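Next comes protein-v2.cif, a file with mmCIF, N, CA and C atoms and all ligand atoms.
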data_structure
#
loop_
_atom_site.label_atom_id
_atom_site.label_comp_id
_atom_site.auth_asym_id
_atom_site.auth_seq_id
_atom_site.Cartn_x
_atom_site.Cartn_y
_atom_site.Cartn_z
N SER A 7 -1.15 9.43 -4.98
CA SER A 7 -1.85 9.54 -3.71
C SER A 7 -2.99 8.51 -3.62
N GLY A 8 -3.53 8.31 -2.42
CA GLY A 8 -4.63 7.38 -2.20
C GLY A 8 -4.57 6.73 -0.82
N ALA A 9 -5.73 6.37 -0.26
CA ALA A 9 -5.79 5.74 1.07
C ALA A 9 -6.87 4.63 1.13
N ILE A 10 -6.83 3.78 2.18
CA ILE A 10 -7.87 2.77 2.44
C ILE A 10 -8.63 3.22 3.70
N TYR A 11 -9.95 3.14 3.66
CA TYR A 11 -10.78 3.55 4.79
C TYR A 11 -11.57 2.34 5.27
N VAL A 12 -11.26 1.85 6.46
CA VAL A 12 -11.90 0.68 7.06
C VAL A 12 -12.17 0.99 8.53
N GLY A 13 -13.44 0.92 8.93
CA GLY A 13 -13.87 1.22 10.29
C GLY A 13 -13.41 2.61 10.72
N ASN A 14 -12.77 2.73 11.89
CA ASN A 14 -12.24 4.02 12.34
C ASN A 14 -10.76 4.20 11.98
N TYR A 15 -10.31 3.61 10.85
CA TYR A 15 -8.91 3.71 10.43
C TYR A 15 -8.72 4.28 9.02
N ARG A 16 -7.57 4.90 8.78
CA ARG A 16 -7.16 5.42 7.48
C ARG A 16 -5.74 4.88 7.23
N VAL A 17 -5.52 4.12 6.15
CA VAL A 17 -4.20 3.56 5.81
C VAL A 17 -3.62 4.34 4.65
N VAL A 18 -2.39 4.85 4.78
CA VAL A 18 -1.76 5.61 3.70
C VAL A 18 -0.29 5.15 3.54
N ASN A 19 0.38 5.55 2.43
CA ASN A 19 1.84 5.33 2.33
C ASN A 19 2.47 6.18 3.44
N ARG A 20 3.35 5.59 4.24
CA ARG A 20 4.00 6.34 5.33
C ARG A 20 4.72 7.61 4.82
N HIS A 21 5.36 7.55 3.61
CA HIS A 21 6.06 8.73 3.06
C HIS A 21 5.11 9.88 2.63
N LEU A 22 3.81 9.58 2.49
CA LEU A 22 2.82 10.56 2.10
C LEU A 22 1.90 10.99 3.25
N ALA A 23 2.09 10.45 4.47
CA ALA A 23 1.25 10.83 5.62
C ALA A 23 1.27 12.34 5.88
N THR A 24 0.13 12.91 6.36
CA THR A 24 -0.01 14.36 6.68
C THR A 24 0.26 14.68 8.19
N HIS A 25 0.27 16.00 8.59
CA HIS A 25 0.42 16.37 10.00
C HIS A 25 -0.75 15.77 10.81
N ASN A 26 -1.98 15.82 10.27
CA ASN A 26 -3.16 15.21 10.91
C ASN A 26 -3.01 13.66 11.06
N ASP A 27 -2.46 12.96 10.05
CA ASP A 27 -2.19 11.50 10.19
C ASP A 27 -1.22 11.26 11.38
N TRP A 28 -0.13 12.04 11.47
CA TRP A 28 0.81 11.89 12.58
C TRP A 28 0.20 12.27 13.96
N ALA A 29 -0.65 13.31 14.01
CA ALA A 29 -1.30 13.78 15.25
C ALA A 29 -2.33 12.75 15.81
N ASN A 30 -2.85 11.87 14.93
CA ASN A 30 -3.82 10.81 15.25
C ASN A 30 -3.24 9.42 14.87
N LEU A 31 -1.95 9.24 15.09
CA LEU A 31 -1.22 8.02 14.75
C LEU A 31 -1.72 6.84 15.55
N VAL A 32 -1.98 5.67 14.87
CA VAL A 32 -2.34 4.40 15.51
C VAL A 32 -1.14 3.43 15.42
N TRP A 33 -0.55 3.32 14.22
CA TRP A 33 0.57 2.43 13.99
C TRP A 33 1.31 2.87 12.74
N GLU A 34 2.64 2.79 12.75
CA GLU A 34 3.43 3.08 11.58
C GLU A 34 4.64 2.12 11.50
N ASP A 35 5.06 1.77 10.28
CA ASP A 35 6.21 0.87 10.05
C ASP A 35 7.00 1.34 8.85
N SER A 36 8.16 1.95 9.10
CA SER A 36 9.05 2.47 8.07
C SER A 36 9.49 1.36 7.09
N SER A 37 9.78 0.15 7.62
CA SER A 37 10.23 -0.94 6.75
C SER A 37 9.13 -1.36 5.78
N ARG A 38 7.85 -1.10 6.11
CA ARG A 38 6.71 -1.47 5.24
C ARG A 38 6.18 -0.29 4.39
N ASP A 39 6.65 0.97 4.67
CA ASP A 39 6.13 2.18 4.01
C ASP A 39 4.62 2.31 4.31
N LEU A 40 4.18 1.91 5.53
CA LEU A 40 2.76 2.05 5.95
C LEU A 40 2.54 2.95 7.18
N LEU A 41 1.40 3.64 7.22
CA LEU A 41 1.00 4.41 8.41
C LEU A 41 -0.52 4.32 8.49
N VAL A 42 -1.05 4.09 9.68
CA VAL A 42 -2.50 4.03 9.91
C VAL A 42 -2.82 5.17 10.94
N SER A 43 -3.84 5.96 10.64
CA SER A 43 -4.29 7.00 11.55
C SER A 43 -5.78 6.78 11.85
N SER A 44 -6.31 7.44 12.91
CA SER A 44 -7.72 7.26 13.24
C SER A 44 -8.59 8.34 12.58
N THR A 45 -9.85 8.01 12.31
CA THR A 45 -10.84 8.88 11.67
C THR A 45 -12.12 8.93 12.52
N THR A 46 -12.87 10.03 12.43
CA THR A 46 -14.14 10.17 13.15
C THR A 46 -15.25 9.47 12.35
N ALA A 47 -15.22 9.61 11.02
CA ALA A 47 -16.21 8.96 10.16
C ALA A 47 -15.89 7.47 10.00
N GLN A 48 -16.92 6.62 9.83
CA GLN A 48 -16.74 5.17 9.66
C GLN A 48 -16.50 4.78 8.18
N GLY A 49 -15.39 4.08 7.91
CA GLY A 49 -14.96 3.60 6.59
C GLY A 49 -15.65 2.33 6.13
N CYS A 50 -15.81 2.19 4.81
CA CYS A 50 -16.58 1.10 4.23
C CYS A 50 -15.82 0.16 3.32
N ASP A 51 -14.48 0.29 3.21
CA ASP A 51 -13.64 -0.59 2.39
C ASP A 51 -13.57 -1.98 3.06
N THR A 52 -13.52 -3.04 2.26
CA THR A 52 -13.43 -4.41 2.78
C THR A 52 -12.01 -4.90 2.59
N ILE A 53 -11.31 -5.33 3.67
CA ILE A 53 -9.93 -5.83 3.49
C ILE A 53 -9.97 -7.32 3.13
N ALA A 54 -9.16 -7.78 2.17
CA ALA A 54 -9.13 -9.23 1.83
C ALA A 54 -8.35 -10.01 2.90
N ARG A 55 -8.78 -11.23 3.18
CA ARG A 55 -8.12 -12.15 4.08
C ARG A 55 -7.94 -13.43 3.22
N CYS A 56 -6.79 -13.55 2.51
CA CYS A 56 -6.60 -14.59 1.50
C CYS A 56 -5.11 -14.67 1.10
N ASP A 57 -4.79 -15.56 0.12
CA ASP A 57 -3.44 -15.66 -0.43
C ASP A 57 -3.46 -15.53 -1.96
N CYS A 58 -4.44 -14.79 -2.52
CA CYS A 58 -4.56 -14.47 -3.94
C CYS A 58 -3.27 -13.94 -4.50
N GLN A 59 -2.97 -14.30 -5.72
CA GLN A 59 -1.83 -13.75 -6.43
C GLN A 59 -2.26 -13.11 -7.77
N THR A 60 -3.59 -12.85 -7.94
CA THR A 60 -4.14 -12.15 -9.08
C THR A 60 -5.08 -11.06 -8.51
N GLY A 61 -5.13 -9.95 -9.21
CA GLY A 61 -5.96 -8.83 -8.78
C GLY A 61 -5.94 -7.70 -9.78
N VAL A 62 -6.53 -6.56 -9.39
CA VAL A 62 -6.60 -5.37 -10.27
C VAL A 62 -6.11 -4.13 -9.51
N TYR A 63 -5.26 -3.28 -10.15
CA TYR A 63 -4.79 -2.07 -9.44
C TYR A 63 -5.13 -0.76 -10.19
N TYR A 64 -5.21 0.34 -9.45
CA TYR A 64 -5.50 1.64 -10.08
C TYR A 64 -4.19 2.34 -10.30
N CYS A 65 -3.94 2.81 -11.55
CA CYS A 65 -2.70 3.48 -11.95
C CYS A 65 -3.07 4.91 -12.37
N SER A 66 -2.88 5.90 -11.45
CA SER A 66 -3.31 7.26 -11.72
C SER A 66 -2.57 7.88 -12.90
N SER A 67 -1.29 7.51 -13.10
CA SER A 67 -0.49 8.03 -14.22
C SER A 67 -0.98 7.55 -15.62
N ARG A 68 -2.02 6.71 -15.66
CA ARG A 68 -2.67 6.28 -16.90
C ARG A 68 -4.21 6.40 -16.83
N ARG A 69 -4.77 6.83 -15.67
CA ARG A 69 -6.22 6.88 -15.37
C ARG A 69 -6.88 5.55 -15.76
N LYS A 70 -6.24 4.45 -15.35
CA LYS A 70 -6.74 3.12 -15.73
C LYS A 70 -6.49 2.11 -14.62
N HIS A 71 -7.32 1.07 -14.62
CA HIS A 71 -7.15 -0.10 -13.76
C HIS A 71 -6.50 -1.19 -14.64
N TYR A 72 -5.58 -1.97 -14.06
CA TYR A 72 -4.85 -3.00 -14.80
C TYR A 72 -4.89 -4.35 -14.07
N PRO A 73 -5.22 -5.46 -14.76
CA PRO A 73 -5.19 -6.78 -14.09
C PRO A 73 -3.71 -7.22 -13.95
N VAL A 74 -3.30 -7.81 -12.81
CA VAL A 74 -1.90 -8.23 -12.61
C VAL A 74 -1.82 -9.57 -11.85
N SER A 75 -0.71 -10.27 -12.04
CA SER A 75 -0.27 -11.43 -11.27
C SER A 75 0.79 -10.80 -10.41
N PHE A 76 0.81 -11.09 -9.12
CA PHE A 76 1.80 -10.51 -8.21
C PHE A 76 2.38 -11.55 -7.28
N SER A 77 3.62 -11.32 -6.79
CA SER A 77 4.29 -12.26 -5.89
C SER A 77 3.69 -12.20 -4.47
N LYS A 78 3.97 -13.21 -3.62
CA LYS A 78 3.49 -13.18 -2.25
C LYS A 78 4.33 -12.15 -1.44
N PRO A 79 3.80 -11.60 -0.34
CA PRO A 79 4.56 -10.59 0.42
C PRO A 79 5.94 -11.05 0.87
N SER A 80 6.96 -10.24 0.53
CA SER A 80 8.34 -10.63 0.84
C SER A 80 9.27 -9.41 1.06
N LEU A 81 10.50 -9.67 1.50
CA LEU A 81 11.53 -8.67 1.75
C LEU A 81 12.21 -8.41 0.41
N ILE A 82 12.02 -7.23 -0.16
CA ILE A 82 12.60 -6.90 -1.43
C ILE A 82 13.44 -5.64 -1.32
N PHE A 83 14.62 -5.62 -1.96
CA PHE A 83 15.51 -4.47 -1.96
C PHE A 83 14.93 -3.32 -2.82
N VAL A 84 14.83 -2.11 -2.25
CA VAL A 84 14.24 -0.94 -2.88
C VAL A 84 15.27 0.16 -2.96
N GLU A 85 15.61 0.61 -4.17
CA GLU A 85 16.58 1.69 -4.41
C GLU A 85 16.23 2.95 -3.64
N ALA A 86 17.25 3.78 -3.33
CA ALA A 86 17.04 5.05 -2.63
C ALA A 86 16.09 6.01 -3.37
N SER A 87 15.44 6.91 -2.60
CA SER A 87 14.52 7.97 -3.02
C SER A 87 14.68 9.17 -2.04
N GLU A 88 13.96 10.31 -2.26
CA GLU A 88 14.02 11.43 -1.31
C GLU A 88 13.43 11.11 0.09
N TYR A 89 12.64 10.01 0.17
CA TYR A 89 11.96 9.60 1.40
C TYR A 89 12.69 8.54 2.22
N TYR A 90 13.48 7.66 1.58
CA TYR A 90 14.24 6.64 2.29
C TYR A 90 15.60 6.43 1.63
N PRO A 91 16.64 6.02 2.39
CA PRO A 91 17.88 5.58 1.72
C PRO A 91 17.62 4.19 1.11
N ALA A 92 18.58 3.62 0.36
CA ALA A 92 18.42 2.28 -0.22
C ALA A 92 18.24 1.27 0.96
N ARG A 93 17.24 0.38 0.86
CA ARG A 93 16.97 -0.54 1.97
C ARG A 93 16.11 -1.72 1.53
N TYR A 94 15.92 -2.73 2.41
CA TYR A 94 14.95 -3.79 2.10
C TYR A 94 13.62 -3.34 2.68
N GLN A 95 12.56 -3.43 1.88
CA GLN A 95 11.19 -3.14 2.31
C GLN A 95 10.48 -4.47 2.50
N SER A 96 9.85 -4.67 3.65
CA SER A 96 9.16 -5.92 3.95
C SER A 96 7.67 -5.91 3.54
N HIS A 97 7.08 -7.12 3.45
CA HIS A 97 5.67 -7.29 3.12
C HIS A 97 5.35 -6.64 1.76
N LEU A 98 6.33 -6.66 0.82
CA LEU A 98 6.15 -6.05 -0.50
C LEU A 98 5.80 -7.12 -1.55
N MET A 99 4.89 -6.81 -2.49
CA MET A 99 4.49 -7.74 -3.56
C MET A 99 4.80 -7.10 -4.91
N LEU A 100 5.46 -7.80 -5.86
CA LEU A 100 5.76 -7.17 -7.16
C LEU A 100 4.92 -7.76 -8.30
N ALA A 101 4.70 -6.95 -9.34
CA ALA A 101 3.99 -7.32 -10.56
C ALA A 101 4.60 -6.57 -11.74
N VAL A 102 4.41 -7.09 -12.94
CA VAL A 102 4.86 -6.44 -14.15
C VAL A 102 3.70 -5.49 -14.49
N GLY A 103 3.99 -4.21 -14.47
CA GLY A 103 2.99 -3.19 -14.75
C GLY A 103 3.58 -1.80 -14.62
N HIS A 104 2.86 -0.83 -15.18
CA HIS A 104 3.31 0.53 -15.14
C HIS A 104 3.06 1.21 -13.77
N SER A 105 4.04 1.97 -13.33
CA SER A 105 3.91 2.81 -12.16
C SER A 105 4.93 3.94 -12.16
N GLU A 106 4.54 5.07 -11.57
CA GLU A 106 5.39 6.23 -11.40
C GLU A 106 5.26 6.65 -9.91
N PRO A 107 6.20 7.40 -9.28
CA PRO A 107 6.06 7.71 -7.84
C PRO A 107 4.72 8.28 -7.39
N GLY A 108 4.09 9.10 -8.23
CA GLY A 108 2.78 9.68 -7.94
C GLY A 108 1.64 8.68 -7.91
N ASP A 109 1.90 7.43 -8.37
CA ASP A 109 0.93 6.34 -8.31
C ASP A 109 0.80 5.71 -6.94
N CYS A 110 1.74 6.03 -5.99
CA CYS A 110 1.66 5.48 -4.63
C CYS A 110 0.31 5.77 -4.00
N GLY A 111 -0.31 4.77 -3.39
CA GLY A 111 -1.64 4.91 -2.79
C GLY A 111 -2.77 4.31 -3.61
N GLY A 112 -2.51 4.02 -4.88
CA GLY A 112 -3.52 3.37 -5.73
C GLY A 112 -3.75 1.95 -5.20
N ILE A 113 -5.02 1.56 -5.07
CA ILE A 113 -5.39 0.31 -4.45
C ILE A 113 -5.26 -0.90 -5.37
N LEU A 114 -4.84 -2.05 -4.78
CA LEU A 114 -4.80 -3.35 -5.42
C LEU A 114 -5.96 -4.16 -4.81
N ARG A 115 -6.82 -4.79 -5.65
CA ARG A 115 -7.96 -5.53 -5.12
C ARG A 115 -8.09 -6.89 -5.79
N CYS A 116 -8.58 -7.90 -5.04
CA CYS A 116 -8.92 -9.22 -5.59
C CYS A 116 -10.45 -9.42 -5.31
N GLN A 117 -11.01 -10.59 -5.65
CA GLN A 117 -12.44 -10.88 -5.38
C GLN A 117 -12.83 -10.78 -3.89
N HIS A 118 -11.85 -10.89 -2.98
CA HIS A 118 -12.12 -10.81 -1.55
C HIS A 118 -12.03 -9.39 -0.97
N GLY A 119 -11.49 -8.45 -1.74
CA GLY A 119 -11.40 -7.07 -1.29
C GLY A 119 -10.04 -6.43 -1.49
N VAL A 120 -9.71 -5.48 -0.63
CA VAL A 120 -8.45 -4.74 -0.69
C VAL A 120 -7.27 -5.57 -0.24
N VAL A 121 -6.25 -5.67 -1.10
CA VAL A 121 -5.01 -6.43 -0.86
C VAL A 121 -3.91 -5.53 -0.33
N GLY A 122 -3.72 -4.36 -0.97
CA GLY A 122 -2.66 -3.45 -0.55
C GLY A 122 -2.67 -2.15 -1.33
N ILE A 123 -1.60 -1.35 -1.21
CA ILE A 123 -1.55 -0.09 -1.99
C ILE A 123 -0.22 0.01 -2.75
N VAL A 124 -0.17 0.69 -3.95
CA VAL A 124 1.10 0.93 -4.66
C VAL A 124 2.11 1.60 -3.68
N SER A 125 3.35 1.16 -3.70
CA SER A 125 4.39 1.70 -2.81
C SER A 125 5.72 1.81 -3.51
N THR A 126 6.00 0.98 -4.54
CA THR A 126 7.29 1.06 -5.26
C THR A 126 7.04 0.82 -6.77
N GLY A 127 8.08 1.00 -7.59
CA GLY A 127 7.98 0.74 -9.02
C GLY A 127 9.26 1.07 -9.76
N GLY A 128 9.24 0.91 -11.07
CA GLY A 128 10.40 1.23 -11.91
C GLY A 128 10.85 0.06 -12.76
N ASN A 129 11.41 0.34 -13.94
CA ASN A 129 11.86 -0.73 -14.85
C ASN A 129 10.71 -1.64 -15.32
N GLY A 130 9.49 -1.10 -15.41
CA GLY A 130 8.35 -1.89 -15.84
C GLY A 130 7.74 -2.74 -14.73
N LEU A 131 8.12 -2.50 -13.48
CA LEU A 131 7.58 -3.24 -12.35
C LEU A 131 6.75 -2.28 -11.48
N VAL A 132 5.85 -2.84 -10.67
CA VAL A 132 5.06 -2.08 -9.72
C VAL A 132 5.01 -2.94 -8.44
N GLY A 133 5.28 -2.32 -7.27
CA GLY A 133 5.28 -2.97 -5.97
C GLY A 133 4.16 -2.46 -5.09
N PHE A 134 3.51 -3.38 -4.36
CA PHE A 134 2.36 -3.06 -3.51
C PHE A 134 2.68 -3.42 -2.07
N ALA A 135 2.33 -2.52 -1.11
CA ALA A 135 2.51 -2.82 0.29
C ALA A 135 1.29 -3.64 0.70
N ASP A 136 1.49 -4.90 1.16
CA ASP A 136 0.38 -5.74 1.60
C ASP A 136 -0.29 -5.20 2.86
N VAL A 137 -1.63 -5.38 2.98
CA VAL A 137 -2.32 -5.04 4.23
C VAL A 137 -3.14 -6.25 4.79
N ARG A 138 -3.23 -7.37 4.06
CA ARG A 138 -4.02 -8.55 4.46
C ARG A 138 -3.66 -9.21 5.82
N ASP A 139 -2.44 -9.02 6.32
CA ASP A 139 -2.04 -9.59 7.61
C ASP A 139 -2.46 -8.71 8.80
N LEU A 140 -2.84 -7.43 8.55
CA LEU A 140 -3.23 -6.47 9.62
C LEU A 140 -4.66 -6.77 10.03
N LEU A 141 -4.86 -7.89 10.78
CA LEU A 141 -6.20 -8.34 11.17
C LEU A 141 -6.95 -7.35 12.05
N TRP A 142 -6.21 -6.55 12.83
CA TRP A 142 -6.79 -5.56 13.75
C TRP A 142 -7.52 -4.43 13.05
N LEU A 143 -7.30 -4.23 11.74
CA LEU A 143 -7.99 -3.17 11.00
C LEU A 143 -9.52 -3.35 11.02
N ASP A 144 -9.99 -4.61 11.17
CA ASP A 144 -11.41 -4.99 11.17
C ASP A 144 -12.08 -5.04 12.51
N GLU A 145 -11.37 -4.72 13.59
CA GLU A 145 -11.93 -4.84 14.93
C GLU A 145 -11.33 -3.80 15.87
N1 LIG A 201 10.48 3.25 -0.81
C1 LIG A 201 9.23 3.38 -1.22
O1 LIG A 201 8.35 2.59 -0.88
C2 LIG A 201 8.94 4.52 -2.18
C3 LIG A 201 9.34 5.88 -1.59
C4 LIG A 201 8.93 7.01 -2.54
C5 LIG A 201 9.19 6.77 -4.01
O2 LIG A 201 9.11 7.69 -4.80
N2 LIG A 201 9.57 5.52 -4.38
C6 LIG A 201 9.99 5.29 -5.77
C7 LIG A 201 8.84 4.87 -6.66
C8 LIG A 201 7.57 4.59 -6.15
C9 LIG A 201 6.53 4.18 -6.97
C10 LIG A 201 6.73 4.04 -8.34
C11 LIG A 201 7.98 4.32 -8.90
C12 LIG A 201 8.52 4.32 -10.23
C13 LIG A 201 9.80 4.74 -10.14
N3 LIG A 201 10.12 5.02 -8.83
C14 LIG A 201 9.01 4.75 -8.05
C15 LIG A 201 9.71 4.35 -3.50
ZN ZN A 202 -8.19 -12.68 -2.50
#
The structure given in the file should be rewritten as structure tokens.
Ligand SMILES: NC(=O)[C@H]1CCC(=O)N(Cc2cccc3cc[nH]c23)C1
Ligand SMILES: [Zn+2]
Amino acid sequence: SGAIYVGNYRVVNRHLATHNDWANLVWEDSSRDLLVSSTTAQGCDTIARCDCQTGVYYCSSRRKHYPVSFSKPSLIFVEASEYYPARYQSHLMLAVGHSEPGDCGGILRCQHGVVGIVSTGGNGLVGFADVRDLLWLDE
């Protein structure tokens, strides 16, 4: 689990969104595994606007942060799960690192701020849903 809080927005994994996230829906994209809902309180997370390929992520299944090199956002094939059939997920970045399904929502950060959230994994890989192109989150 885990979310990003920026201004009047809350970003979560679309497969983990709540009834309240859906009742206050701003934008959702199944192909990206992302959902943004509105909040009354003002968020203080800083979103990165960059093309960094190094950063640090939080892995709840180890209670640790890990430094990683990751690929640029791309269309990657993601095996089936209880939430989606087998499909290509867009705007996904991969790195060699530990992850388990319960790690979804753990934040990836570079020196400029929040890059994305854990969304996929397996076979010693971890995938992050990018958020750096969502310029509207800041305004
Ligand atoms: N399609 C998706 O974006 C998600 C949907 C829910 C989900 O459990 N997964 C599989 C998964 C996620 C994170 C980490 C690992 C490790 C093994 N399986 C993992 C993929
Ligand atoms: Zn950066």
| request: Please check which protein, DNA or RNA residues sit within 7 Å of ligand LIG 201 (chain A), counting all atoms listed in the file, and write them as a list in words. | output: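 Going residue by residue within 7 Å of ligand LIG 201 (chain A), we get residues 21, 38, 39, 84, 85, 86, 87, 88, 89, 90, 105, 106, 107, 108, 109, 110, 124, 125, 126, 127, 128, 129, 131, 132 and 133 of chain A.
Neighbouring residues of residue 136 in chain A at 7 Å or closer, counting only N, CA and C atoms and skipping chain neighbours under 4 positions away, are residues 79, 96, 97, 98, 99, 121, 122, 123 and 140 of chain A.
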| task | Please check which protein, DNA or RNA residues sit within 6 Å of ligand ZN 202 (chain A), counting only C-alpha atoms and all ligand atoms, and write them as a list in words. | result | residues 54, 56, 57, 58, 116, 117 and 118 of chain A
| said: Given only N, CA and C atoms as the basis, pick out the residue of A:48, A:135, A:59, A:20 nearest to residue 35 in chain A. | reply: A:20
| field | atom C of residue 76 in chain A to atom C of residue 120 in chain A, straight-line distance in Å | value |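 These atoms are spaced 13.4 Å apart.
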| task | Report the residues of chain A whose backbone DSSP state falls under strand (DSSP E or B), written as a count of residues only. | result | 74
| query | Smallest atom-to-atom distance to residue 80 in chain A: which of A:19, A:52, A:43, A:95, using only N, CA and C atoms? | reply |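 Comparing A:19, A:52, A:43, A:95 against residue 80 in chain A, the winner is A:95.
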| How many Å separate CA of residue 55 in chain A from CA of residue 142 in chain A? | 11.8 Å
| task | Tell me which protein, DNA and RNA residues are within 5 Å of residue 74 in chain A, counting all atoms listed in the file, leaving out same-chain ones fewer than 2 positions away, and put them as a PyMOL selection string. | result | chain A and resi 60-62+72+76
Since we have the selection now, will you write its residues out, keeping N, CA and C atoms, as a PDB file, in the frame of the given file?
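And here's out_37.pdb as it stands now:
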ATOM      1  N   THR A  60      -3.590 -12.850  -7.940  1.00  0.00           N
ATOM      2  CA  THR A  60      -4.140 -12.150  -9.080  1.00  0.00           C
ATOM      3  C   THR A  60      -5.080 -11.060  -8.510  1.00  0.00           C
ATOM      4  N   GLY A  61      -5.130  -9.950  -9.210  1.00  0.00           N
ATOM      5  CA  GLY A  61      -5.960  -8.830  -8.780  1.00  0.00           C
ATOM      6  C   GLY A  61      -5.940  -7.700  -9.780  1.00  0.00           C
ATOM      7  N   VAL A  62      -6.530  -6.560  -9.390  1.00  0.00           N
ATOM      8  CA  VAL A  62      -6.600  -5.370 -10.270  1.00  0.00           C
ATOM      9  C   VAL A  62      -6.110  -4.130  -9.510  1.00  0.00           C
ATOM     10  N   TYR A  72      -5.580  -1.970 -14.060  1.00  0.00           N
ATOM     11  CA  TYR A  72      -4.850  -3.000 -14.800  1.00  0.00           C
ATOM     12  C   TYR A  72      -4.890  -4.350 -14.070  1.00  0.00           C
ATOM     13  N   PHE A  76       0.810 -11.090  -9.120  1.00  0.00           N
ATOM     14  CA  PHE A  76       1.800 -10.510  -8.210  1.00  0.00           C
ATOM     15  C   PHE A  76       2.380 -11.550  -7.280  1.00  0.00           C
TER      16      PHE A  76
END
| message | Please determine, counting all atoms listed in the file, which residue among A:130, A:103, A:111, A:30 has the shortest atom-to-atom distance to residue 18 in chain A. | response |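 Nearest candidate to residue 18 in chain A out of A:130, A:103, A:111, A:30: A:111.
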Export C-alpha atoms of range 37-75 of chain A from the structure just given, as a PDB file, in the first residue's frame?
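Dumped to part14.pdb:
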ATOM      1  CA  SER A  37      -3.361   0.710 -18.798  1.00  0.00           C
ATOM      2  CA  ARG A  38      -1.126   2.665 -16.317  1.00  0.00           C
ATOM      3  CA  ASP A  39      -2.513   1.087 -13.034  1.00  0.00           C
ATOM      4  CA  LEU A  40      -3.061   4.727 -11.788  1.00  0.00           C
ATOM      5  CA  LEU A  41      -5.983   6.566 -10.115  1.00  0.00           C
ATOM      6  CA  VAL A  42      -6.030  10.147  -8.767  1.00  0.00           C
ATOM      7  CA  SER A  43      -8.758  11.329  -6.341  1.00  0.00           C
ATOM      8  CA  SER A  44      -9.367  14.731  -4.697  1.00  0.00           C
ATOM      9  CA  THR A  45      -8.602  15.575  -1.015  1.00  0.00           C
ATOM     10  CA  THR A  46      -9.770  18.395   1.309  1.00  0.00           C
ATOM     11  CA  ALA A  47      -6.353  18.683   3.031  1.00  0.00           C
ATOM     12  CA  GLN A  48      -3.383  20.172   1.069  1.00  0.00           C
ATOM     13  CA  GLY A  49      -0.554  17.689   0.156  1.00  0.00           C
ATOM     14  CA  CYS A  50       3.155  18.463   0.481  1.00  0.00           C
ATOM     15  CA  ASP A  51       4.935  15.858  -1.741  1.00  0.00           C
ATOM     16  CA  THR A  52       7.110  17.303  -4.556  1.00  0.00           C
ATOM     17  CA  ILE A  53       6.741  15.621  -7.992  1.00  0.00           C
ATOM     18  CA  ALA A  54       9.992  15.313 -10.068  1.00  0.00           C
ATOM     19  CA  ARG A  55      10.064  16.894 -13.558  1.00  0.00           C
ATOM     20  CA  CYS A  56      13.186  15.192 -15.077  1.00  0.00           C
ATOM     21  CA  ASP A  57      14.564  12.147 -16.996  1.00  0.00           C
ATOM     22  CA  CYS A  58      16.558  10.571 -14.071  1.00  0.00           C
ATOM     23  CA  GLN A  59      17.259   6.877 -14.301  1.00  0.00           C
ATOM     24  CA  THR A  60      18.629   6.519 -10.714  1.00  0.00           C
ATOM     25  CA  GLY A  61      16.646   6.842  -7.496  1.00  0.00           C
ATOM     26  CA  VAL A  62      15.589   5.229  -4.199  1.00  0.00           C
ATOM     27  CA  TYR A  63      12.421   3.157  -3.490  1.00  0.00           C
ATOM     28  CA  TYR A  64      10.597   1.982  -0.335  1.00  0.00           C
ATOM     29  CA  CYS A  65      10.097  -1.822  -0.119  1.00  0.00           C
ATOM     30  CA  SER A  66       7.591  -2.610   2.666  1.00  0.00           C
ATOM     31  CA  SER A  67       8.245  -6.391   2.421  1.00  0.00           C
ATOM     32  CA  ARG A  68      11.817  -5.649   3.725  1.00  0.00           C
ATOM     33  CA  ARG A  69      11.120  -2.368   5.742  1.00  0.00           C
ATOM     34  CA  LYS A  70      13.969  -0.825   3.725  1.00  0.00           C
ATOM     35  CA  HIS A  71      14.757   1.765   1.052  1.00  0.00           C
ATOM     36  CA  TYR A  72      16.899   0.513  -1.890  1.00  0.00           C
ATOM     37  CA  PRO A  73      18.943   2.538  -4.467  1.00  0.00           C
ATOM     38  CA  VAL A  74      18.093   1.456  -8.099  1.00  0.00           C
ATOM     39  CA  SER A  75      18.862   2.151 -11.784  1.00  0.00           C
TER      40      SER A  75
END
